Structure formats: C-alpha cells, structure tokens
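Have a look below at one chain only, the form deposited in one PDB entry, in structure tokens format.
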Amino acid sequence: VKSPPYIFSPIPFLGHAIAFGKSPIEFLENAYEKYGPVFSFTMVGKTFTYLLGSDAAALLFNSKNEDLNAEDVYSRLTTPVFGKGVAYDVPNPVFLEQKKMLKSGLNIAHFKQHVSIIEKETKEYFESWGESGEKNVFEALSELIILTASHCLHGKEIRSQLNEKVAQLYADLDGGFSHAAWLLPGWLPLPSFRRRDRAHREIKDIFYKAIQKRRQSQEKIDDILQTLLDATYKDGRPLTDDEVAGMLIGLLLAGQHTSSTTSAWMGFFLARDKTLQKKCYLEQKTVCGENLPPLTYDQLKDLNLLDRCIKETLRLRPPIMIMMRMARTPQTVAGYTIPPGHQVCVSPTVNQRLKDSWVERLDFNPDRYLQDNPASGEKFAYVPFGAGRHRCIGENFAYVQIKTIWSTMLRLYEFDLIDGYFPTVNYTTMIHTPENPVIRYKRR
C-alpha cells in the first residue's frame, strides 16, 4: 500500500491553481517528466490524482461508476443546465438507458437525412461572407453549428423556433459551464448563475411547446425527437416531457461546442498547411466528381484524408480536455493506491501528444495514422471520445457534422492565416477556444 507521488505546493489554499490554470498541459507534462504517470496535487482545497498514458488511464476507463463516480463530480454544473431527472441527476444505470435511447436516434438512416440538411445550412449561412475577406471563423462556426445541431438533433419545429433572443438564452446556458459553477456552492447569487437559471426555465418552456406541437401532429416524421417521444425504459414507462426536454438540452450542448471548437481548429491547421488544404479539395473532386454534386453519406466514407484530418485535429485539440471522477473506494494503478476523496483525472490532450508514444508529437500530420501509432497500437493513448461506461455516443454524428461542413467550406473557400498568425489556446473557459480566431478567405 503506497500513495501516488504528491506534488507539494507553496500556496496554502489556492495550491497549484495559478500554475495549472495558466497552462494545464505544460503543468501536466512537467509533472509527467518529474513524477511519472500517476501523481497527486492540490488545487483550491481539492486533491487531484492524474492518470497519464494508456496503462494508467486504463483504471479510469475500465472502472465501475460504483468505484469511480461521475455524478459526484459533474452534477454541480450539469444538472442546473440540463435539468432535473436527466444525465447526472439520476443513478448511472438510469442514465445508461437514456443513453441507449439517444443512440437509437443516431443511425445511418438519420445520418443520410443529416448530410443534405447540414449542407444546405452551411451554404446558406456563408452567403453573408461574400467573395473575400477576414472574419472570425469560430464565431461563424458557433452560429452555424447551433443551426445545424438544432435542425438535426431537435426537430424542424425547434429549428424554425431559433432567433437572436434564443441564442442569447443558449449563451446564458453556456455560462453555466464555468470555473465558478464547479468551485463555489450553488446558493451564491452570481450574475452567471441567475442568467443561466433564467434561460433554463425559458428553454424548457420553449421545448414544452414543440413537444406538444409534435406529439399532436400526425405527419409521420422520423428524426431524433420522434425517437425520444417513442422510447420506453425496461419499465415500459415512456419519457416525461420533462425528461425529453432535459435530454434535448443535453444534446444541444454536447453537440454544439465540441464541434465548433474542433472545426475552428482544423480551419487553422489547414490554413497553415496549404498543400494539405489543396489535397483535401482535390480529394473532394476525386471522390465526388469535378461537377461537385450535393453530398451523400456514402461519399463521406471515402474522404479518408479529411477523416484523418479530423482524427488529427481531435488529437491535438480535443474539446473535452479533462475527464474526472470521484474515488468512492480505494483503487490501485501502477502500484499506487488512490485513497477515497481524490478527484481522479485523465487528459486526452496529454495522452495524445505524449512524448513516449508519438513521433513529431506537436506536428499536424494526418499521415501519422498511415504508419505505426498508439491509436491502434495502444488501448488508451488516443481517446478523444473517452472509453468504458462513460464513453461518447456522438462520435458518428460529430464526424458527420464536421465532415459535411468542411467539405462544403472547402468548396466555397480557400483559407489562409492572417500574417501567419496561428491561434493560441484560451484557458479562461472550459470552452477551449482559439485566441482571436480570424481567418482570411478567397473564393475557390
């Protein structure tokens, strides 16, 4: 019985809050060098054990929620946003069943509807950008993906309900994913806290309309919303309008920022490497045809450089930078015993550029997978959508959304850095955004 190596700190309560908050990746890498794959440190009165590399990460991924708990650590910020009865407000096994319902709605038949739907929105959004200029790509992508995600994961009913003042209510909901919502108790009246809670009530209320609007129309519509309204537990109990609305919010959030971010980054990687940008466009012609017809799901499967470009963007910029659990029981990894109380953590980001197992780690090189790599060489070195019980379900949909958008975007425009500026990473938010994400764009 032995404790993970502990990283002592000068500052009594803050701990490593300032060094880690400043640049978590450098911090975690420096710690990996000095202390190894399993270590502890204190931030803001809380102790964190991190698991780095595949072997160590294995513990968090392979474990039961009974032993490494996700609600204990997420409820604080998620439950106020998504709502009661949904996600981390219920016991895990109840959650899994809701996960299976959402899974059902994410299949090839729906994805075939999604492709053309997203393609139209993309084309129609970018009518405002004209033939050339300099605009913020991430904000454009943020707005577009709020349109595409809603169109696909919510109904046409809800998509037709989106205006300026609804995006504001979504923005209010984003402000729930904060530094402060995690650390500070909910009973404090902060600006962001009231802002968020106001929007939750409103948007639940807006979803109540559209659920009622569809529950009553007879036209057989087969999208994701229908899948939810039709589903049932092992019980045989259908979902309450509340439950449904709860998981509609969870879909909107999961599906929006994780794809805007990633799309935005890939933009800058492709603008920095103009040869690779050219090859992606060439592959568009080679696969789909020189006449560039509207996109099909079946064509997507064959855009393999684009696919690896997305694989590689997610490698160097996974939007979920950290996974967390609470140790409810003692757990053993690498010979260390993590005591109950620690928040146990894995970082895809660190794992995915770890010097031990990636060649030219900081290089944007989608051909790395066409060689030997730990993404197939190792279990948990490449892990942007997690693994085990808490593993993602949006991977196919996120690949469809991003793929369609960038196909359309490369068809519209050639992209370039402004004065060679490659954006750095903003760590002031759990939304990890590119700093000043403005690209130059020529018509193709």
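Just so we're on the same page, rigid core means the largest C-alpha set that superposes within 1.5 Å between forms. Residues that one form lacks are left out of the comparison. Residue positions are given as counts along the sequence shown, with the first one as 1.
A second form of this protein, the form deposited in another entry, is not displayed here; the remarks below concern that form.
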Core-fitted Cα difference of 2 Å or more between the shown form and the other one, single residue among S192, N365, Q343, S357: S192
Is it true that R237 shifts between the shown form and the other one by 2 Å or more at the Cα, once the core is aligned? no
Verify the C-alpha shift of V81 between the shown form and the other one: is it 2 Å or more after superposing the core? yes
Relative to the superposed rigid core, does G388 relocate between the shown form and the other one - that is, does its Cα move 2 Å or more? yes
Quick one: in the other entry, is the Cα gap between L51 and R76 smaller or bigger than here? Answer closer or farther; it shifts by 3 Å or more. farther
Output row for the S192-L253 CA distance, |change| of 3 angstroms or more in the other entry, reads farther
Give me the stretches of at least three consecutive residues whose Cα atoms move by 2 Å or more between the shown form and the other one once the core is superposed. 74-81, 178-193, 217-220, 388-390
